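Shown below: coords29.cif, with mmCIF, C-alpha atoms and all ligand atoms.
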data_structure
#
loop_
_atom_site.label_atom_id
_atom_site.label_comp_id
_atom_site.auth_asym_id
_atom_site.auth_seq_id
_atom_site.Cartn_x
_atom_site.Cartn_y
_atom_site.Cartn_z
CA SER F 1 23.24 3.62 -18.50
CA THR F 2 20.69 1.38 -16.76
CA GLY F 3 19.60 0.40 -13.28
CA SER F 4 17.79 -2.60 -11.83
CA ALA F 5 16.55 -3.15 -8.27
CA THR F 6 14.36 -5.70 -6.53
CA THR F 7 11.22 -4.45 -4.79
CA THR F 8 9.70 -6.45 -1.94
CA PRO F 9 6.24 -6.35 -0.30
CA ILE F 10 6.35 -5.02 3.25
CA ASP F 11 3.79 -7.50 4.61
CA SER F 12 1.61 -10.49 3.73
CA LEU F 13 -1.07 -8.29 2.09
CA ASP F 14 1.15 -6.39 -0.39
CA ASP F 15 0.17 -3.18 1.40
CA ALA F 16 3.30 -1.48 0.04
CA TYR F 17 6.59 -2.25 -1.69
CA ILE F 18 10.07 -1.19 -0.59
CA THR F 19 13.19 -0.92 -2.74
CA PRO F 20 16.75 -0.47 -1.41
CA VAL F 21 18.25 2.91 -2.33
CA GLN F 22 21.82 4.06 -1.70
CA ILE F 23 22.20 7.66 -0.51
CA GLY F 24 25.37 9.59 0.28
CA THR F 25 29.07 8.80 0.43
CA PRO F 26 29.76 6.30 1.81
CA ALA F 27 26.47 4.67 0.84
CA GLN F 28 23.65 4.73 3.38
CA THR F 29 21.05 2.18 2.28
CA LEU F 30 17.41 3.03 2.94
CA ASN F 31 14.32 1.09 1.85
CA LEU F 32 12.07 3.49 -0.04
CA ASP F 33 8.50 3.26 -1.34
CA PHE F 34 8.68 3.98 -5.09
CA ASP F 35 5.63 6.18 -5.71
CA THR F 36 4.51 7.07 -9.25
CA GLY F 37 1.76 9.20 -7.67
CA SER F 38 4.09 11.78 -6.09
CA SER F 39 7.28 13.62 -6.97
CA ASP F 40 9.24 14.06 -3.72
CA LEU F 41 12.20 11.97 -2.58
CA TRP F 42 11.98 12.27 1.20
CA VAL F 43 13.51 10.12 3.94
CA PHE F 44 13.56 9.64 7.67
CA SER F 45 16.70 11.31 8.94
CA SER F 46 18.78 12.36 11.93
CA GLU F 47 16.66 15.55 11.82
CA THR F 48 13.30 13.81 12.28
CA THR F 49 11.56 14.50 15.59
CA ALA F 50 12.82 11.66 17.75
CA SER F 51 9.37 10.70 19.06
CA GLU F 52 8.15 10.24 15.47
CA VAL F 53 10.77 7.61 14.54
CA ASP F 54 9.92 3.99 15.45
CA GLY F 55 12.31 1.49 13.86
CA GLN F 56 13.00 3.25 10.56
CA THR F 57 16.50 3.54 9.14
CA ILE F 58 17.50 7.21 9.08
CA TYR F 59 19.60 9.19 6.63
CA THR F 60 22.37 11.14 8.37
CA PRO F 61 23.61 13.94 6.08
CA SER F 62 26.38 14.87 8.53
CA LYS F 63 28.00 11.49 7.76
CA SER F 64 27.94 11.92 3.95
CA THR F 65 30.87 13.67 2.29
CA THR F 66 28.71 14.54 -0.74
CA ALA F 67 25.74 16.00 1.16
CA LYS F 68 25.09 19.71 0.59
CA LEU F 69 22.35 21.59 2.42
CA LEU F 70 20.07 23.37 -0.06
CA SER F 71 20.02 26.77 1.61
CA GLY F 72 16.54 28.06 2.45
CA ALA F 73 14.73 25.17 0.75
CA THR F 74 11.80 23.54 2.55
CA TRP F 75 9.21 20.94 1.61
CA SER F 76 5.75 19.93 2.82
CA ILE F 77 3.53 17.27 1.26
CA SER F 78 0.01 15.97 1.84
CA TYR F 79 -1.05 12.65 0.32
CA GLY F 80 -4.57 11.66 -0.69
CA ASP F 81 -4.82 9.36 2.34
CA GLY F 82 -4.28 12.23 4.78
CA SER F 83 -0.62 11.38 5.38
CA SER F 84 1.85 14.26 5.54
CA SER F 85 5.51 15.11 6.12
CA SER F 86 7.79 18.14 5.95
CA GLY F 87 11.38 19.23 6.46
CA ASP F 88 14.42 20.71 4.73
CA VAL F 89 16.41 19.70 1.66
CA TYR F 90 19.87 18.32 0.91
CA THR F 91 21.57 17.41 -2.34
CA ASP F 92 23.45 14.12 -2.36
CA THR F 93 24.42 11.18 -4.52
CA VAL F 94 21.59 8.67 -4.96
CA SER F 95 21.98 5.24 -6.58
CA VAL F 96 19.27 2.73 -7.48
CA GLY F 97 20.48 -0.72 -8.52
CA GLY F 98 23.71 0.57 -10.05
CA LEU F 99 22.17 3.71 -11.59
CA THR F 100 23.71 6.81 -10.01
CA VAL F 101 22.51 10.43 -9.98
CA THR F 102 24.66 13.15 -8.42
CA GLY F 103 23.13 16.27 -6.92
CA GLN F 104 19.72 14.69 -6.32
CA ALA F 105 17.42 16.58 -3.98
CA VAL F 106 17.11 14.48 -0.81
CA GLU F 107 14.33 15.89 1.37
CA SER F 108 15.09 15.33 5.06
CA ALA F 109 11.93 14.83 7.11
CA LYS F 110 11.68 17.00 10.22
CA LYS F 111 8.05 16.06 10.93
CA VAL F 112 6.08 13.02 9.75
CA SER F 113 2.48 11.96 10.28
CA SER F 114 1.61 9.08 12.59
CA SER F 115 0.94 6.54 9.82
CA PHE F 116 4.54 6.94 8.63
CA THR F 117 5.87 6.45 12.18
CA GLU F 118 3.79 3.27 12.58
CA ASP F 119 5.23 1.87 9.34
CA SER F 120 8.63 0.65 10.53
CA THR F 121 9.52 -0.94 7.17
CA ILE F 122 9.35 2.25 5.05
CA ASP F 123 12.29 4.64 5.42
CA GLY F 124 10.89 7.13 2.91
CA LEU F 125 9.41 7.65 -0.52
CA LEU F 126 10.93 8.02 -3.98
CA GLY F 127 8.57 10.04 -6.17
CA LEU F 128 8.24 9.02 -9.82
CA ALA F 129 5.40 11.28 -10.96
CA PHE F 130 6.24 14.36 -13.02
CA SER F 131 8.48 17.01 -11.50
CA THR F 132 5.75 19.67 -11.63
CA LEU F 133 4.30 18.11 -8.45
CA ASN F 134 7.49 18.47 -6.39
CA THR F 135 6.82 20.49 -3.24
CA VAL F 136 10.29 21.98 -2.61
CA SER F 137 10.03 25.74 -2.11
CA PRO F 138 11.05 28.28 -3.30
CA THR F 139 13.00 26.34 -5.96
CA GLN F 140 11.20 23.26 -7.31
CA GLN F 141 13.36 20.14 -7.60
CA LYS F 142 13.49 17.32 -10.14
CA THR F 143 12.66 13.68 -9.48
CA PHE F 144 15.22 10.87 -9.58
CA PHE F 145 13.85 9.80 -12.97
CA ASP F 146 14.01 13.29 -14.48
CA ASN F 147 17.62 13.73 -13.35
CA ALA F 148 18.65 10.31 -14.71
CA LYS F 149 16.72 10.62 -18.00
CA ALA F 150 19.53 11.94 -20.21
CA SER F 151 22.02 9.24 -19.19
CA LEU F 152 19.50 6.39 -19.49
CA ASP F 153 19.83 4.21 -22.58
CA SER F 154 16.07 4.74 -23.05
CA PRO F 155 14.04 7.36 -21.12
CA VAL F 156 11.83 4.73 -19.46
CA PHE F 157 11.36 2.82 -16.24
CA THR F 158 9.30 -0.32 -15.74
CA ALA F 159 7.34 -1.64 -12.75
CA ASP F 160 7.02 -5.42 -12.33
CA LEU F 161 5.34 -5.84 -8.95
CA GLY F 162 4.94 -9.32 -7.50
CA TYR F 163 1.89 -10.91 -5.89
CA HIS F 164 3.05 -11.97 -2.40
CA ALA F 165 6.52 -12.08 -3.96
CA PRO F 166 9.46 -9.81 -4.83
CA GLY F 167 9.45 -7.81 -8.03
CA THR F 168 11.66 -5.51 -10.08
CA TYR F 169 12.00 -1.83 -10.94
CA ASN F 170 14.14 -1.30 -14.04
CA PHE F 171 15.53 2.01 -15.32
CA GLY F 172 16.60 2.63 -18.90
CA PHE F 173 15.60 -0.61 -20.62
CA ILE F 174 12.67 -2.95 -21.28
CA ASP F 175 13.20 -6.55 -20.15
CA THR F 176 11.54 -8.47 -22.99
CA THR F 177 11.83 -11.68 -20.93
CA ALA F 178 9.62 -10.33 -18.12
CA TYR F 179 6.25 -10.31 -19.93
CA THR F 180 4.20 -12.36 -22.38
CA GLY F 181 2.68 -11.27 -25.66
CA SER F 182 2.99 -7.63 -26.72
CA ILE F 183 3.13 -4.33 -24.87
CA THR F 184 0.12 -2.10 -25.56
CA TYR F 185 0.91 1.61 -25.27
CA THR F 186 -1.71 4.22 -24.42
CA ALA F 187 -1.61 8.01 -24.29
CA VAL F 188 -0.69 9.85 -21.09
CA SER F 189 -1.89 13.26 -19.94
CA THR F 190 0.57 15.17 -17.75
CA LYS F 191 -1.78 18.12 -17.15
CA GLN F 192 -2.22 17.18 -13.48
CA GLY F 193 1.36 15.93 -13.02
CA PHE F 194 0.29 12.27 -12.82
CA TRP F 195 0.76 9.28 -15.09
CA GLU F 196 -2.83 9.79 -16.20
CA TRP F 197 -4.39 7.58 -18.88
CA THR F 198 -7.80 6.32 -20.02
CA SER F 199 -8.84 2.70 -19.67
CA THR F 200 -11.17 1.44 -22.39
CA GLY F 201 -13.50 -0.55 -20.14
CA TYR F 202 -13.83 -3.48 -17.79
CA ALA F 203 -15.36 -6.90 -17.22
CA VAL F 204 -16.29 -8.84 -14.08
CA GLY F 205 -15.23 -12.48 -14.00
CA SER F 206 -16.28 -14.18 -17.22
CA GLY F 207 -18.87 -11.48 -17.91
CA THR F 208 -19.31 -9.31 -20.97
CA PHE F 209 -16.69 -6.61 -21.47
CA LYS F 210 -18.16 -3.12 -20.99
CA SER F 211 -16.60 -0.55 -23.32
CA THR F 212 -16.42 2.68 -21.32
CA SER F 213 -13.72 5.30 -20.81
CA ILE F 214 -12.26 5.25 -17.30
CA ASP F 215 -9.78 8.08 -16.72
CA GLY F 216 -7.30 7.20 -13.97
CA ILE F 217 -3.69 7.30 -12.83
CA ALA F 218 -1.05 4.58 -12.59
CA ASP F 219 0.02 4.86 -8.94
CA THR F 220 2.49 2.38 -7.47
CA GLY F 221 2.16 4.30 -4.19
CA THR F 222 -1.50 3.34 -3.68
CA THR F 223 -2.39 -0.14 -2.47
CA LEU F 224 -5.89 -0.71 -3.85
CA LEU F 225 -7.85 -0.16 -7.06
CA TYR F 226 -10.18 2.86 -6.89
CA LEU F 227 -12.82 3.01 -9.64
CA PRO F 228 -16.18 4.75 -10.18
CA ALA F 229 -19.10 3.67 -8.03
CA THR F 230 -21.00 2.11 -10.94
CA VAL F 231 -18.09 -0.19 -11.81
CA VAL F 232 -17.33 -1.13 -8.20
CA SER F 233 -21.00 -1.86 -7.52
CA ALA F 234 -21.11 -4.13 -10.58
CA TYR F 235 -18.09 -6.05 -9.28
CA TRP F 236 -19.26 -6.61 -5.71
CA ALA F 237 -22.77 -7.53 -6.88
CA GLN F 238 -21.15 -10.79 -8.06
CA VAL F 239 -19.87 -11.69 -4.56
CA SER F 240 -22.46 -13.29 -2.29
CA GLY F 241 -22.76 -11.42 0.99
CA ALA F 242 -20.67 -8.45 -0.13
CA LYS F 243 -21.78 -5.00 1.00
CA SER F 244 -20.47 -1.49 1.46
CA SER F 245 -19.81 -0.81 5.15
CA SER F 246 -19.70 2.78 6.38
CA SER F 247 -18.07 1.83 9.68
CA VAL F 248 -15.35 -0.15 7.90
CA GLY F 249 -15.04 2.46 5.14
CA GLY F 250 -15.48 0.36 2.03
CA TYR F 251 -16.77 -2.86 0.53
CA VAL F 252 -16.38 -5.97 2.68
CA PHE F 253 -17.21 -9.58 1.88
CA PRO F 254 -17.43 -12.91 3.73
CA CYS F 255 -13.94 -14.36 4.00
CA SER F 256 -15.31 -17.74 2.83
CA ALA F 257 -16.23 -16.27 -0.57
CA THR F 258 -14.26 -16.82 -3.77
CA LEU F 259 -13.64 -13.60 -5.60
CA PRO F 260 -14.12 -13.20 -9.36
CA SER F 261 -11.39 -11.75 -11.51
CA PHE F 262 -11.47 -8.18 -12.79
CA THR F 263 -10.42 -7.20 -16.31
CA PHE F 264 -9.57 -3.67 -17.41
CA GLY F 265 -8.96 -2.41 -20.92
CA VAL F 266 -5.78 -0.89 -22.36
CA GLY F 267 -6.57 0.01 -25.94
CA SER F 268 -7.73 -3.24 -27.52
CA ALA F 269 -5.74 -5.31 -25.00
CA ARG F 270 -7.03 -6.73 -21.71
CA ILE F 271 -5.33 -7.04 -18.32
CA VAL F 272 -6.88 -9.65 -16.02
CA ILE F 273 -6.56 -9.19 -12.25
CA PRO F 274 -7.02 -12.60 -10.56
CA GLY F 275 -9.69 -12.68 -7.88
CA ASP F 276 -7.15 -13.67 -5.22
CA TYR F 277 -5.44 -10.29 -5.80
CA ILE F 278 -8.60 -8.53 -4.57
CA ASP F 279 -8.65 -10.31 -1.18
CA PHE F 280 -7.08 -8.15 1.54
CA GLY F 281 -7.95 -10.32 4.52
CA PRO F 282 -10.04 -9.84 7.65
CA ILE F 283 -10.97 -6.29 8.64
CA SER F 284 -9.70 -7.15 12.13
CA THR F 285 -7.80 -10.04 13.69
CA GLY F 286 -10.11 -13.04 13.92
CA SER F 287 -12.93 -11.47 11.91
CA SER F 288 -14.78 -13.46 9.26
CA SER F 289 -15.43 -10.28 7.24
CA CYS F 290 -12.72 -9.52 4.68
CA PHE F 291 -11.75 -6.23 3.05
CA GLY F 292 -11.99 -5.82 -0.71
CA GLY F 293 -9.18 -4.64 -2.97
CA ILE F 294 -11.55 -2.78 -5.32
CA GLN F 295 -13.16 0.31 -3.78
CA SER F 296 -15.09 3.35 -4.96
CA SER F 297 -13.29 6.52 -6.02
CA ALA F 298 -16.34 8.73 -5.41
CA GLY F 299 -14.79 10.27 -2.30
CA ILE F 300 -11.37 10.72 -3.92
CA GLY F 301 -12.20 12.69 -7.07
CA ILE F 302 -9.92 10.61 -9.30
CA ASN F 303 -9.67 6.95 -10.26
CA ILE F 304 -6.49 5.22 -9.08
CA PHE F 305 -4.94 2.14 -10.69
CA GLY F 306 -2.99 1.13 -7.61
CA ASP F 307 -0.88 -1.91 -6.82
CA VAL F 308 -3.87 -4.27 -7.05
CA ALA F 309 -4.10 -3.52 -10.78
CA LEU F 310 -0.45 -2.78 -11.58
CA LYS F 311 0.94 -6.00 -10.07
CA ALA F 312 -1.19 -7.93 -12.58
CA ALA F 313 0.88 -6.49 -15.45
CA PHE F 314 4.30 -5.49 -16.70
CA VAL F 315 4.02 -1.69 -16.76
CA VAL F 316 6.20 0.64 -18.85
CA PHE F 317 6.46 4.29 -17.81
CA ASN F 318 7.77 5.87 -21.01
CA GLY F 319 9.23 9.28 -20.20
CA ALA F 320 9.83 10.33 -23.80
CA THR F 321 8.96 13.87 -24.91
CA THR F 322 5.44 12.58 -25.54
CA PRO F 323 5.01 10.26 -22.52
CA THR F 324 3.06 7.02 -22.80
CA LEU F 325 2.13 4.06 -20.60
CA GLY F 326 2.71 0.46 -21.69
CA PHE F 327 0.86 -2.56 -20.32
CA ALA F 328 1.70 -6.21 -20.96
CA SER F 329 0.46 -9.44 -19.47
CA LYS F 330 2.94 -11.55 -17.52
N1 LIG F 401 0.56 7.74 -4.37
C1 LIG F 401 0.54 9.18 -4.19
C2 LIG F 401 -0.87 9.73 -4.38
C3 LIG F 401 -1.78 9.69 -3.33
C4 LIG F 401 -3.06 10.19 -3.51
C5 LIG F 401 -3.43 10.72 -4.73
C6 LIG F 401 -4.83 11.28 -4.94
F1 LIG F 401 -5.62 10.98 -3.86
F2 LIG F 401 -4.76 12.64 -5.09
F3 LIG F 401 -5.37 10.73 -6.07
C7 LIG F 401 -2.52 10.76 -5.77
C8 LIG F 401 -1.24 10.26 -5.60
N1 LIG F 402 0.59 7.35 -1.51
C1 LIG F 402 1.86 7.64 -0.86
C2 LIG F 402 1.87 6.96 0.50
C3 LIG F 402 2.62 5.81 0.69
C4 LIG F 402 2.62 5.19 1.93
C5 LIG F 402 1.87 5.71 2.97
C6 LIG F 402 1.87 5.02 4.33
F1 LIG F 402 1.74 3.68 4.15
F2 LIG F 402 3.04 5.28 4.98
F3 LIG F 402 0.83 5.49 5.07
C7 LIG F 402 1.12 6.85 2.77
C8 LIG F 402 1.12 7.48 1.54
#
Kindly return the structure encoded in the file as structure tokens.
Amino acid sequence: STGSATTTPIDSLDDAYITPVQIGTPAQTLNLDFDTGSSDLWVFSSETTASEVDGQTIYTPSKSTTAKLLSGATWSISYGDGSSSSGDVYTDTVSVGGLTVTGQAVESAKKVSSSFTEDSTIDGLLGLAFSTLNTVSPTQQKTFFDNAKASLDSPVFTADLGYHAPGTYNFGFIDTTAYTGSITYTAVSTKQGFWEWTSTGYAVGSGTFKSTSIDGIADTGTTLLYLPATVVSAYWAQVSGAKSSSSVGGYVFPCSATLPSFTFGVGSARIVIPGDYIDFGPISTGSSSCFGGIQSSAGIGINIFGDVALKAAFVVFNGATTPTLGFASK
């Protein structure tokens, strides 16, 4: 079987992407943030503290004939940005673009952090990292992808994120019409539970390519590109007036500047991120200082190939017994 669903940016900056997901019987449609950096499917629900819900669509398990409370199961998650949520667990039917999984763990949020409440367009997250990161206790639960793997025509899903435009998540097949040239596959380490790979280097604008191993994760759930300080300093050195601001919390640049492209290596192939992709607009309404889409990972402890990088490519998440990552230009 296969599944195909359109994913849409939540705002004019591509801060996140939401994808409609059907939960329960009859279907309750929620717009979820597909996150290859985490492994929990959790949603706003009728159980969420009422003061912490502000415009989100909620899942109501009492209205689903297939919902089963997972007795004694709880969950609690903390993301690298300081966000957090927690609650209890149900099993229910979950469908993504025609692809159906029965008995999927649906984690009902009882408490969510403020940043989730303030995001009215995101009804929850759908984790697509490896199941070893799932936070359900005392019995760990499998991701949507892991549960669907056996019935998929091919044990893969692909991410085709758009720049200020809708995109597509596909399950079970590779759309050979969606990319140009060839797909370059690179090895994945699952030892931390992430889609972790090694980039072969980078280049700034039309500059010389620098062969150097950059170990990072493919994370659709992270907005920006987080790379080592040496690389990020080399990039912003090519933007007149750019500087790292402690009060803002990253590199900023004059909004009148034109940004150079950024290239990163995948084996012998190259993925070029257009400079316009790195512009994330004024730091505040009316400001002439703009926030950069490439930031340092020094404070994070791991390099993150977020949406800024991934939306420049057609990305294959190959969940075979030996998992790999595929990158193609588009
Ligand atoms: N998108 C989920 C996510 C968020 C943060 C991290 C970090 F910070 F641990 F790298 C990994 C995955
Ligand atoms: N990396 C997972 C993640 C996704 C979205 C959010 C937000 F936008 F709701 F804060 C936080 C964390």
Near residue F:159, within 8 Å and counting only C-alpha atoms, which residues show up once chain neighbours fewer than 6 positions away are dropped, as a VMD selection string?
-> chain F and resid 168 to 170 310 314 to 317
Dump the neighbourhood of ligand LIG 402 (chain F) as a short mmCIF file (atom, residue, chain, number, x, y, z; two decimals) with C-alpha atoms, in the frame of the given file: all residues within 6 Å, distances computed on only C-alpha atoms and all ligand atoms.
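Produced file out-v5.cif, reproduced below:
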data_model
loop_
_atom_site.label_atom_id
_atom_site.label_comp_id
_atom_site.auth_asym_id
_atom_site.auth_seq_id
_atom_site.Cartn_x
_atom_site.Cartn_y
_atom_site.Cartn_z
CA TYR F 79 -1.05 12.65 0.32
CA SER F 83 -0.62 11.38 5.38
CA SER F 115 0.94 6.54 9.82
CA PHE F 116 4.54 6.94 8.63
CA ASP F 119 5.23 1.87 9.34
CA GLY F 221 2.16 4.30 -4.19
CA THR F 222 -1.50 3.34 -3.68
#
If you count all atoms listed in the file, the residue of F:187, F:99, F:224, F:218 closest to residue F:15 turns out to be F:224
Close residues to ligand LIG 401 (chain F) using all atoms listed in the file, limit 12 Å, as a ChimeraX atom specification | /F:16-17,33-40,77-84,125-130,133-134,192-196,215-227,297-307
Identify, on the basis of all atoms listed in the file, every residue whose closest approach to residue F:107 does not exceed 9 Å; exclude the query and any residue fewer than 3 positions from it along the same chain; express the result as a PyMOL selection string.
-> chain F and resi 40-44+74-75+86-91+136
Find the residue from F:114, F:139, F:4, F:65 that sits nearest to residue F:52; use only C-alpha atoms when measuring.
-> F:114
Need to verify the contact set: residue F:92, 6 Å, all atoms listed in the file, exclusion of same-chain residues closer than 4 positions in sequence. Can you return it as a PDB file with C-alpha atoms, in the coordinates of the input?
ATOM      1  CA  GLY F  24      25.370   9.590   0.280  1.00  0.00           C
ATOM      2  CA  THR F  66      28.710  14.540  -0.740  1.00  0.00           C
ATOM      3  CA  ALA F  67      25.740  16.000   1.160  1.00  0.00           C
ATOM      4  CA  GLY F 103      23.130  16.270  -6.920  1.00  0.00           C
ATOM      5  CA  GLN F 104      19.720  14.690  -6.320  1.00  0.00           C
TER       6      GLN F 104
END
If you measure from atom CA of residue F:2 to atom CA of residue F:318, what distance in Å do you get, rounded to one decimal?
-> 14.3 Å
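Nearest to residue F:253 of all the residues F:117, F:329, F:287, F:28 is F:287, based on all atoms listed in the file.
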Please identify all polymer residues within 10 Å of stretch 203-214 of chain F, counting only C-alpha atoms, omitting same-chain residues fewer than 5 positions from it, and present them as JSON, numbers by chain.
-> {"F": [197, 198, 227, 228, 231, 232, 234, 235, 236, 237, 238, 259, 260, 261, 262, 263, 264, 265, 270, 272, 273, 274, 275, 302, 303]}
Rebuild stretch 111-123 of chain F so that it carries N, CA and C atoms, then output the result as a PDB file, in the frame of the given file.
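In the end it all went to selection21.pdb:
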ATOM      1  N   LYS F 111       9.322  16.432  10.329  1.00  0.00           N
ATOM      2  CA  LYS F 111       8.050  16.060  10.930  1.00  0.00           C
ATOM      3  C   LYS F 111       7.343  15.097   9.989  1.00  0.00           C
ATOM      4  N   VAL F 112       6.833  13.991  10.530  1.00  0.00           N
ATOM      5  CA  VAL F 112       6.080  13.020   9.750  1.00  0.00           C
ATOM      6  C   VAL F 112       4.773  12.712  10.470  1.00  0.00           C
ATOM      7  N   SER F 113       3.761  12.326   9.695  1.00  0.00           N
ATOM      8  CA  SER F 113       2.480  11.960  10.280  1.00  0.00           C
ATOM      9  C   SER F 113       2.587  10.601  10.966  1.00  0.00           C
ATOM     10  N   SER F 114       1.554  10.274  11.746  1.00  0.00           N
ATOM     11  CA  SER F 114       1.610   9.080  12.590  1.00  0.00           C
ATOM     12  C   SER F 114       1.684   7.810  11.749  1.00  0.00           C
ATOM     13  N   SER F 115       0.955   7.758  10.631  1.00  0.00           N
ATOM     14  CA  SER F 115       0.940   6.540   9.820  1.00  0.00           C
ATOM     15  C   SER F 115       2.317   6.201   9.268  1.00  0.00           C
ATOM     16  N   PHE F 116       3.162   7.209   9.037  1.00  0.00           N
ATOM     17  CA  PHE F 116       4.540   6.940   8.630  1.00  0.00           C
ATOM     18  C   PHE F 116       5.346   6.374   9.798  1.00  0.00           C
ATOM     19  N   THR F 117       5.178   6.953  10.992  1.00  0.00           N
ATOM     20  CA  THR F 117       5.870   6.450  12.180  1.00  0.00           C
ATOM     21  C   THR F 117       5.518   4.992  12.449  1.00  0.00           C
ATOM     22  N   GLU F 118       4.243   4.632  12.293  1.00  0.00           N
ATOM     23  CA  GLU F 118       3.790   3.270  12.580  1.00  0.00           C
ATOM     24  C   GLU F 118       4.229   2.267  11.520  1.00  0.00           C
ATOM     25  N   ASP F 119       4.733   2.748  10.389  1.00  0.00           N
ATOM     26  CA  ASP F 119       5.230   1.870   9.340  1.00  0.00           C
ATOM     27  C   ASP F 119       6.739   1.802   9.527  1.00  0.00           C
ATOM     28  N   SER F 120       7.205   0.778  10.236  1.00  0.00           N
ATOM     29  CA  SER F 120       8.630   0.650  10.530  1.00  0.00           C
ATOM     30  C   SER F 120       9.443   0.209   9.321  1.00  0.00           C
ATOM     31  N   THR F 121       8.804  -0.364   8.304  1.00  0.00           N
ATOM     32  CA  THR F 121       9.520  -0.940   7.170  1.00  0.00           C
ATOM     33  C   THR F 121       9.785   0.057   6.049  1.00  0.00           C
ATOM     34  N   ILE F 122       9.189   1.245   6.095  1.00  0.00           N
ATOM     35  CA  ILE F 122       9.350   2.250   5.050  1.00  0.00           C
ATOM     36  C   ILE F 122      10.189   3.392   5.596  1.00  0.00           C
ATOM     37  N   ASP F 123      11.375   3.576   5.020  1.00  0.00           N
ATOM     38  CA  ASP F 123      12.290   4.640   5.420  1.00  0.00           C
ATOM     39  C   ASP F 123      12.047   5.938   4.663  1.00  0.00           C
TER      40      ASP F 123
END
